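Asks: Just passing along the structure, written as structure tokens.
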Number of protein chains: 2
Amino acid sequence: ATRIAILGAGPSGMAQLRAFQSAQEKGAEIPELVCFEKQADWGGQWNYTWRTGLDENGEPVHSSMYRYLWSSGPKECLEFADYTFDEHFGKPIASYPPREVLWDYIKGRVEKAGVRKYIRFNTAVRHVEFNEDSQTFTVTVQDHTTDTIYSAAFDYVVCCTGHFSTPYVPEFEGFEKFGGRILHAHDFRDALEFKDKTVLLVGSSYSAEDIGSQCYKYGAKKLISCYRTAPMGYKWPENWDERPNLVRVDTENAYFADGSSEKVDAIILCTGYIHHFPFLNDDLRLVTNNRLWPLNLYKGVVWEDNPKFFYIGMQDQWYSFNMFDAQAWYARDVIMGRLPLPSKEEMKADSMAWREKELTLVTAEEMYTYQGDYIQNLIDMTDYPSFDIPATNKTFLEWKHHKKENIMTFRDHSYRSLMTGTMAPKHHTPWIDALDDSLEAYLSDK
Amino acid sequence: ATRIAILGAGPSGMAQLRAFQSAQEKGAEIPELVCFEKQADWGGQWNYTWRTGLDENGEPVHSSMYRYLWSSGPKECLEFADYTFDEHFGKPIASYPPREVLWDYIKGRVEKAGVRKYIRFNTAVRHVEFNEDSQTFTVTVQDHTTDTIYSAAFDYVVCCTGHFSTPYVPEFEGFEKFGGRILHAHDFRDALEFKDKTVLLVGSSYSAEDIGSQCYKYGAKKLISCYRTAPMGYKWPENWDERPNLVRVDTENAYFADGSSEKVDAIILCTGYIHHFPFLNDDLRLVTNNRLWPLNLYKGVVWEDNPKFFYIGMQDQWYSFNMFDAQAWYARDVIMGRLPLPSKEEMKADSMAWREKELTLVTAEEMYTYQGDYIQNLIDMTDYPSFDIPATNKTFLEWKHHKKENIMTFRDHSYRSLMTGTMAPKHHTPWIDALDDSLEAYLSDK
Ligand SMILES: Cc1cc2nc3c(=O)[nH]c(=O)nc-3n(C[C@H](O)[C@H](O)[C@H](O)COP(=O)(O)OP(=O)(O)OC[C@H]3O[C@@H](n4cnc5c(N)ncnc54)[C@H](O)[C@@H]3O)c2cc1C
Ligand SMILES: Cc1cc2nc3c(=O)[nH]c(=O)nc-3n(C[C@H](O)[C@H](O)[C@H](O)COP(=O)(O)OP(=O)(O)OC[C@H]3O[C@@H](n4cnc5c(N)ncnc54)[C@H](O)[C@@H]3O)c2cc1C
Ligand SMILES: NC(=O)c1ccc[n+]([C@@H]2O[C@H](COP(=O)([O-])OP(=O)(O)OC[C@H]3O[C@@H](n4cnc5c(N)ncnc54)[C@H](OP(=O)(O)O)[C@@H]3O)[C@@H](O)[C@H]2O)c1
Ligand SMILES: NC(=O)c1ccc[n+]([C@@H]2O[C@H](COP(=O)([O-])OP(=O)(O)OC[C@H]3O[C@@H](n4cnc5c(N)ncnc54)[C@H](OP(=O)(O)O)[C@@H]3O)[C@@H](O)[C@H]2O)c1
């Protein structure tokens, strides 16, 4: 009568449900499942909302996604080994689908699987405690539909609440006096809000690349992006420059370590996120910066201090969807008794070996290869379909080259699926001109 | 060795500490105090921040206040009976001080009292449980300076976390397609962000009045405000009209029940707040809409289901600072044994009588007079200095008339202090021209 709690119904929660459902379909007897989700529908980040800051129930808004967002890597690198792009759409499609298209895809797997019935939507997880005496977890949640706080007992808990939602938002001198809008990447919604405007983007990783690109694409007057350590280093459009870092601000201007300075309408902090778990105490709470190998997680997923608690997708992401699968399948097999955990000492020693290797990594290539090795090790222990990881590494490599070649057109290239073998078609419209981000617009043919 | 927890160091928390400190100064022996505050300094709403949505630790941003905010009622109606405006500033000042000026004042009382030492700043209250077996509260908090979650036992808890922070944010058809900024009043920061723009304000209470006024004052091209029930009904500037309710929106336009419609750059939801206490379970959690008499609070402050738990300032606010005092002094005397509570049945019957009367109220005059009667009933039970409530009522009445006379110049009038008798000077600058909101600018003379 063993009972499991899954926190969150994004890709990771969906993957954990899907892993149990698959074991059950092959005839295994599975635990009882309850998955709690604070939004009204599944998909995690991929469920777009116009809302900003706090949602209609007062929970922090979860999604950081914006209008016009498109896959940032090759779809071929994030394809499910058990539910192909061919199966879901019935036809080839280009390699960088818009948000709505990938949303549709991940829902499709879990619609086929019938796992929606396990999910209590509109329910925020408030608190998870472990009771020593009974060896079980009390999960306290708030049901916003009924406006009730209640709690329930579980034998295992799988946490899938992500780490790209709680913004890291550093302060800069003068922000209290600046007259334009200051916002974090997290609150970016429609690029059209910045048409004909000068937009400062603080930071130099994916958010900066892509939020700049959208502002450019939808007609901002000018873009300044500044970096803390090293410049992003791509060849930008003519109305976009990189400066060394922002140092202060006044009523209208920004000042850089350059010595330069200029008039700026809006500042967008593209400074990343914190791992933040307001519902866990120190006995259960993961503390880490964003990285390929957070400590304290055996095989990157079992909580070393209480191996009945698990974390999915808490690593930085080169791979994503099929990493979460590998992780969710491993957790499932641990929970189900198919893969007994070693002692605490051996877990720590294993994790340390993973951390030593992580610290070796210099180049982007070495990094996704490392995540690949990690994933390889996971999928080899479970009935998760194996797939060509070295060939996925190669596809990441091409993608890197395409971005270096030209940062504004990398989305116009195509790659071959490592599940099906088929090469993807070019898209009916080049990126810069595809102004409509809808599923409908992308799947027809204008 | 009796121990009290005070949740929040805004005006209410500050009042609660001040109430204890005064009893102690007069020679009483007081309980031990710990006050928890998630911000880095005291003042509550009055502590301005440029931050929006979630703060640097990932907590919801608390303050709803914006640049250029000024007192919305006569300072004479919110004067402390035990720490006058004369005492704090050393000289007369006008009747509608800017935010920074009132912040300075409320901090002044609590700096004089030396109560800062009781407060653990940068600490978010996560959870408050009541243990039946020991009859005490476990308060769990997260210290963001040390990044540690810990908990502590208390005999009484006073909740002062406010109810104008978690926004009520209704959805309107088309919001997911609109191309400008959508925001709640709560996120409104610098009016200059809307200079030369058309701004729709949804709502018809104080937020709508005042945010519109600031947008106007700082040079917005045009203002549309729309109402759900009745229009605000003031004579607005020429570039500002009131329409019946908003019904939908597309890429660039708003459509109203008017039948009318127009191009709009930014939508500001001025639709109020919810009472939200994510750190309480249903045994302790107050559930109410914003009103003069929330139910379940004996004398408006003692939690009827567990009278060792208290709420300060959870009523809607005509009076404010000296209401919180009256309430804090009452809670103090209850906690200290000077005012024993009646049985549960009598509390309920008393609360019912207050509710019946609340439901009687029609006119704005009847409403603040009701709050005044409530405050009268409180201050008569404690050593809180009594003061002229009927004369404060009269002052509110004048203020109402000044607003109806001209909504854009009500802040240029002056009233007499009910603590000192002295009439307040006119201000060195009329409202529409005082563009600088700083303490310094308001307290010197230009
Ligand atoms: C702007 C942005 C763009 C991205 N684009 C890509 C991309 O193009 N390609 C790619 O591979 N990856 C991308 N990512 C990476 C992203 O992390 C993954 O794609 C994927 O969404 C990870 O999903 P997850 O389920 O682990 O967490 P999430 O997707 O964040 O979902 C977590 C779920 O947990 C829920 N939750 C959180 N707290 C609670 C609580 N208290 N109670 C109940 N429920 C809770 C949330 O509501 C949410 O549904 C992007 C990330 C961001 C932020
Ligand atoms: C925009 C705006 C303008 C206003 N203008 C006026 C005015 O001009 N005149 C007037 O009389 N009234 C005004 N008010 C009314 C306001 O409610 C009172 O003036 C007063 O600030 C109420 O104080 P409070 O201490 O009860 O709550 P607050 O002032 O809101 O302070 C609550 C405190 O609780 C803390 N807190 C909340 N949650 C936690 C947690 N979980 N853990 C730790 N700490 C927590 C917050 O950090 C905050 O410091 C205004 C309100 C708003 C929103
Ligand atoms: N579809 C898309 O294209 C898309 C868009 C956004 C996000 N994402 C996803 O989200 C993940 C990362 O998002 P992210 O770019 O927001 O965070 P991130 O990858 O951790 O990058 C954080 C960035 O902010 C900078 N930064 C931090 N503090 C700073 C400071 N005080 N001053 C100046 N700069 C500062 C960092 O500077 P330093 O470099 O000096 O450390 C770094 O460039 C990616 O793995 C991707 O999956 C995808
Ligand atoms: N210094 C200042 O001037 C200042 C500024 C802001 C706030 N404050 C303080 O904050 C308190 C109130 O702030 P508030 O005005 O934001 O909230 P509020 O007083 O409760 O008013 C809520 C408003 O939003 C409207 N509304 C709610 N739902 C709506 C919907 N679905 N569609 C359209 N309109 C809708 C309500 O409509 P209905 O009228 O139909 O009920 C009402 O006008 C005041 O007591 C004051 O202390 C002061």
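All residue names refer to the structure tokens as shown: chains lettered A, B, ... in order, residues numbered from 1 in each chain, ligands numbered from 1 in order.
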Once you count only C-alpha atoms, which residues of chain A turn out to be within 7 Å of chain B? Could you give them as a list in words?

Replies: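 Interface list for chain A against chain B: residues 49, 50, 53, 54, 56, 58, 60, 149, 166, 167, 168, 169, 175, 176, 179, 180, 181, 190, 192, 193, 281 and 282 of chain A.
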
Asks: Take the selection from the previous step and output its residues with N, CA, C and O atoms, as a tab-separated table (two decimals), in the first residue's frame.

Replies:
```
chain	number	residue	atom	x	y	z
A	49	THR	N	2.53	31.92	-19.25
A	49	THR	CA	1.52	32.75	-18.64
A	49	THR	C	1.92	34.21	-18.81
A	49	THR	O	3.12	34.56	-18.82
A	50	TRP	N	0.91	35.06	-18.93
A	50	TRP	CA	1.13	36.49	-19.07
A	50	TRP	C	1.43	37.07	-17.73
A	50	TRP	O	1.89	38.21	-17.62
A	53	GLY	N	5.49	37.94	-11.46
A	53	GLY	CA	5.62	38.14	-10.01
A	53	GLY	C	4.90	37.11	-9.16
A	53	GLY	O	5.46	36.06	-8.85
A	54	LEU	N	3.65	37.41	-8.79
A	54	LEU	CA	2.80	36.50	-8.05
A	54	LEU	C	1.56	36.11	-8.84
A	54	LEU	O	0.94	36.97	-9.46
A	56	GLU	N	-2.42	34.14	-9.56
A	56	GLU	CA	-3.73	34.48	-9.01
A	56	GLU	C	-4.01	34.00	-7.59
A	56	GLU	O	-4.90	34.54	-6.95
A	58	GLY	N	-1.51	33.94	-5.30
A	58	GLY	CA	-0.44	34.54	-4.52
A	58	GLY	C	0.80	33.68	-4.48
A	58	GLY	O	1.70	34.02	-3.77
A	60	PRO	N	4.45	32.46	-5.96
A	60	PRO	CA	5.34	33.00	-6.98
A	60	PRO	C	4.98	32.44	-8.35
A	60	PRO	O	4.60	31.28	-8.45
A	149	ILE	N	-5.98	24.03	3.45
A	149	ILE	CA	-4.63	23.48	3.67
A	149	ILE	C	-4.79	22.15	4.35
A	149	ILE	O	-5.49	22.02	5.36
A	166	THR	N	13.24	30.89	-9.39
A	166	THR	CA	13.46	31.91	-8.39
A	166	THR	C	14.66	32.71	-8.83
A	166	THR	O	15.78	32.20	-8.84
A	167	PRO	N	14.43	33.97	-9.22
A	167	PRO	CA	15.47	34.75	-9.85
A	167	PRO	C	16.60	35.14	-8.89
A	167	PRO	O	16.35	35.44	-7.74
A	168	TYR	N	17.82	35.09	-9.39
A	168	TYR	CA	18.91	35.76	-8.73
A	168	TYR	C	18.94	37.18	-9.28
A	168	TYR	O	19.12	37.36	-10.49
A	169	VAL	N	18.77	38.17	-8.41
A	169	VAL	CA	18.60	39.55	-8.84
A	169	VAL	C	19.53	40.49	-8.06
A	169	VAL	O	19.12	41.09	-7.07
A	175	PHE	N	19.73	52.04	-8.74
A	175	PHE	CA	18.45	51.43	-9.11
A	175	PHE	C	17.22	52.10	-8.47
A	175	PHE	O	16.15	52.13	-9.07
A	176	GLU	N	17.36	52.61	-7.24
A	176	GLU	CA	16.23	53.28	-6.59
A	176	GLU	C	15.89	54.64	-7.20
A	176	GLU	O	14.90	55.25	-6.83
A	179	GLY	N	14.65	55.83	-13.83
A	179	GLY	CA	13.28	56.18	-14.18
A	179	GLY	C	12.59	55.23	-15.13
A	179	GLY	O	11.40	55.33	-15.35
A	180	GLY	N	13.34	54.30	-15.71
A	180	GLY	CA	12.74	53.26	-16.55
A	180	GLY	C	12.38	52.01	-15.75
A	180	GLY	O	12.43	52.00	-14.50
A	181	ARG	N	11.97	50.97	-16.46
A	181	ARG	CA	11.60	49.71	-15.83
A	181	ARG	C	12.84	48.88	-15.53
A	181	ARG	O	13.75	48.76	-16.39
A	190	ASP	N	6.45	40.17	-23.38
A	190	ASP	CA	6.32	40.42	-24.84
A	190	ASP	C	7.39	41.38	-25.34
A	190	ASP	O	7.40	42.53	-24.93
A	192	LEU	N	7.60	43.14	-27.92
A	192	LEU	CA	6.96	44.36	-28.42
A	192	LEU	C	6.87	45.50	-27.41
A	192	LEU	O	6.64	46.66	-27.80
A	193	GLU	N	7.03	45.20	-26.12
A	193	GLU	CA	6.97	46.23	-25.09
A	193	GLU	C	8.21	47.13	-25.22
A	193	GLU	O	8.20	48.28	-24.74
A	281	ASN	N	12.84	21.71	5.06
A	281	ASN	CA	13.79	22.12	6.11
A	281	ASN	C	15.19	21.65	5.80
A	281	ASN	O	15.41	21.00	4.77
A	282	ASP	N	16.15	21.99	6.66
A	282	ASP	CA	17.56	21.74	6.32
A	282	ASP	C	17.90	20.26	6.16
A	282	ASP	O	18.80	19.93	5.41
```

Asks: Report as a list in words: the residues of stretch 172-219 of chain A with a DSSP assignment of strand (DSSP E or B), based on the backbone of this structure.

Replies: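 Going through stretch 172-219 of chain A, the strand (DSSP E or B) residues come out as residues 173, 181, 182, 183, 184, 198, 199, 200, 201 and 202 of chain A.
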
Asks: What residues have any atom no more than 6 Å from ligand 4 when counting only C-alpha atoms and all ligand atoms, and can you list them as a ChimeraX atom specification?

Replies: /B:69-72,170,202-207,210,227-229,270-272,316-317

Asks: Between B:248, B:91, B:348, B:163, which one has atoms that come closest to residue B:296, using only C-alpha atoms?

Replies: B:348

Asks: What's around residue B:82 at 10 Å? Count only C-alpha atoms, leave out sequence neighbours fewer than 4 positions away in its own chain, and write the answer as an NGL selection string.

Replies: :B and (22 or 87 or 109 or 322 or 325 or 384-386 or 419)

Asks: Residues as selected, C-alpha atoms, written as an mmCIF file, in the first residue's frame, can you do that?

Replies:
```cif
data_model
loop_
_atom_site.group_PDB
_atom_site.id
_atom_site.type_symbol
_atom_site.label_atom_id
_atom_site.label_comp_id
_atom_site.auth_asym_id
_atom_site.auth_seq_id
_atom_site.Cartn_x
_atom_site.Cartn_y
_atom_site.Cartn_z
ATOM 1 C CA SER B 22 6.138 51.413 27.199
ATOM 2 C CA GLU B 87 8.328 66.005 18.854
ATOM 3 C CA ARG B 109 9.289 56.461 17.575
ATOM 4 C CA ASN B 322 -3.125 54.943 15.797
ATOM 5 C CA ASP B 325 -1.421 51.269 18.414
ATOM 6 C CA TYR B 384 -3.057 54.236 25.631
ATOM 7 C CA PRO B 385 -3.490 58.067 25.781
ATOM 8 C CA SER B 386 -7.049 58.939 24.784
ATOM 9 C CA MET B 419 -2.600 65.764 19.651
#
```

Asks: Can you pull out every residue within 8 Å of stretch 301-307 of chain A, counting only C-alpha atoms, but drop anything in the same chain fewer than 6 positions away, and send it as JSON, numbers by chain?

Replies: {"A": [283, 284, 313, 327, 331, 344, 347, 348]}

Asks: Taking N, CA, C and O atoms for each residue, export the selection above as a PDB file, in the first residue's frame.

Replies:
```
ATOM      1  N   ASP A 283      17.145  19.387   6.811  1.00  0.00           N
ATOM      2  CA  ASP A 283      17.332  17.935   6.732  1.00  0.00           C
ATOM      3  C   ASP A 283      17.112  17.409   5.305  1.00  0.00           C
ATOM      4  O   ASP A 283      17.785  16.453   4.900  1.00  0.00           O
ATOM      5  N   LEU A 284      16.177  18.048   4.567  1.00  0.00           N
ATOM      6  CA  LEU A 284      15.827  17.709   3.173  1.00  0.00           C
ATOM      7  C   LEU A 284      16.271  18.698   2.051  1.00  0.00           C
ATOM      8  O   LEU A 284      16.316  18.307   0.877  1.00  0.00           O
ATOM      9  N   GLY A 313      16.227  16.541 -12.171  1.00  0.00           N
ATOM     10  CA  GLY A 313      16.630  17.675 -12.974  1.00  0.00           C
ATOM     11  C   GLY A 313      17.158  18.906 -12.235  1.00  0.00           C
ATOM     12  O   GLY A 313      16.861  20.040 -12.601  1.00  0.00           O
ATOM     13  N   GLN A 327      16.700  10.027 -15.246  1.00  0.00           N
ATOM     14  CA  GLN A 327      16.676  10.234 -13.827  1.00  0.00           C
ATOM     15  C   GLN A 327      15.427   9.629 -13.214  1.00  0.00           C
ATOM     16  O   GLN A 327      15.494   8.977 -12.177  1.00  0.00           O
ATOM     17  N   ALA A 331      15.082   6.679 -10.379  1.00  0.00           N
ATOM     18  CA  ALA A 331      14.338   6.876  -9.125  1.00  0.00           C
ATOM     19  C   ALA A 331      13.260   5.840  -8.959  1.00  0.00           C
ATOM     20  O   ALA A 331      13.110   5.261  -7.860  1.00  0.00           O
ATOM     21  N   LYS A 344      25.835   4.560   2.999  1.00  0.00           N
ATOM     22  CA  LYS A 344      26.019   5.990   2.876  1.00  0.00           C
ATOM     23  C   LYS A 344      27.449   6.357   2.479  1.00  0.00           C
ATOM     24  O   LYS A 344      27.671   7.299   1.728  1.00  0.00           O
ATOM     25  N   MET A 347      27.949   5.904  -1.277  1.00  0.00           N
ATOM     26  CA  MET A 347      27.282   6.990  -2.009  1.00  0.00           C
ATOM     27  C   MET A 347      28.169   8.220  -2.071  1.00  0.00           C
ATOM     28  O   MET A 347      28.470   8.722  -3.147  1.00  0.00           O
ATOM     29  N   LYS A 348      28.619   8.673  -0.907  1.00  0.00           N
ATOM     30  CA  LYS A 348      29.527   9.814  -0.788  1.00  0.00           C
ATOM     31  C   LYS A 348      30.792   9.709  -1.627  1.00  0.00           C
ATOM     32  O   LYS A 348      31.153  10.676  -2.310  1.00  0.00           O
TER      33      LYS A 348
END
```

Asks: Once you count only C-alpha atoms and all ligand atoms, which residues end up within 6 Å of ligand 1, and could you hand them over as a list in words?

Replies: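 Result of the 6 Å neighbour search around ligand 1: residues 7, 8, 9, 10, 11, 12, 13, 36, 37, 38, 39, 43, 44, 45, 62, 64, 65, 71, 72, 73, 123, 124, 125, 160, 161, 162, 164, 313 and 320 of chain A.
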
Asks: Save the residues we just selected, C-alpha atoms, as a PDB file, in the first residue's frame?

Replies:
```
ATOM      1  CA  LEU A   7       6.222  17.623  -6.391  1.00  0.00           C
ATOM      2  CA  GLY A   8       5.527  19.439  -9.667  1.00  0.00           C
ATOM      3  CA  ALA A   9       4.057  18.438 -13.055  1.00  0.00           C
ATOM      4  CA  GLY A  10       6.629  19.994 -15.405  1.00  0.00           C
ATOM      5  CA  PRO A  11       8.790  17.852 -17.685  1.00  0.00           C
ATOM      6  CA  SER A  12      10.332  16.189 -14.618  1.00  0.00           C
ATOM      7  CA  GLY A  13       7.123  15.403 -12.785  1.00  0.00           C
ATOM      8  CA  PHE A  36       0.977  18.099  -6.661  1.00  0.00           C
ATOM      9  CA  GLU A  37       1.130  21.071  -9.049  1.00  0.00           C
ATOM     10  CA  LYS A  38       0.545  24.731  -8.222  1.00  0.00           C
ATOM     11  CA  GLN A  39      -0.466  25.727 -11.761  1.00  0.00           C
ATOM     12  CA  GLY A  43       4.242  21.575 -18.607  1.00  0.00           C
ATOM     13  CA  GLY A  44       6.287  23.533 -16.096  1.00  0.00           C
ATOM     14  CA  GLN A  45       8.300  26.288 -17.717  1.00  0.00           C
ATOM     15  CA  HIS A  62       6.594  29.858 -11.996  1.00  0.00           C
ATOM     16  CA  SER A  64      10.119  32.212 -16.992  1.00  0.00           C
ATOM     17  CA  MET A  65       9.107  31.788 -20.646  1.00  0.00           C
ATOM     18  CA  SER A  71      13.810  25.742 -28.529  1.00  0.00           C
ATOM     19  CA  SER A  72      17.352  26.818 -27.851  1.00  0.00           C
ATOM     20  CA  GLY A  73      19.059  23.611 -28.876  1.00  0.00           C
ATOM     21  CA  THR A 123      -2.255  22.841  -5.267  1.00  0.00           C
ATOM     22  CA  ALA A 124       0.839  24.421  -3.745  1.00  0.00           C
ATOM     23  CA  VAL A 125       3.242  22.360  -1.730  1.00  0.00           C
ATOM     24  CA  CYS A 160      10.547  18.162  -9.433  1.00  0.00           C
ATOM     25  CA  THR A 161      10.026  21.839  -8.801  1.00  0.00           C
ATOM     26  CA  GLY A 162      12.868  23.093 -10.984  1.00  0.00           C
ATOM     27  CA  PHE A 164      15.038  28.260 -13.158  1.00  0.00           C
ATOM     28  CA  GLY A 313      16.630  17.675 -12.974  1.00  0.00           C
ATOM     29  CA  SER A 320      17.180  18.067 -20.673  1.00  0.00           C
TER      30      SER A 320
END
```

Asks: Find the residues around residue B:421 up to 12 Å (only C-alpha atoms counted), leave out those fewer than 4 positions away in its own chain, and share them as number ranges by chain.

Replies: B: 76, 84-86, 92, 387-388, 391-392, 415-417
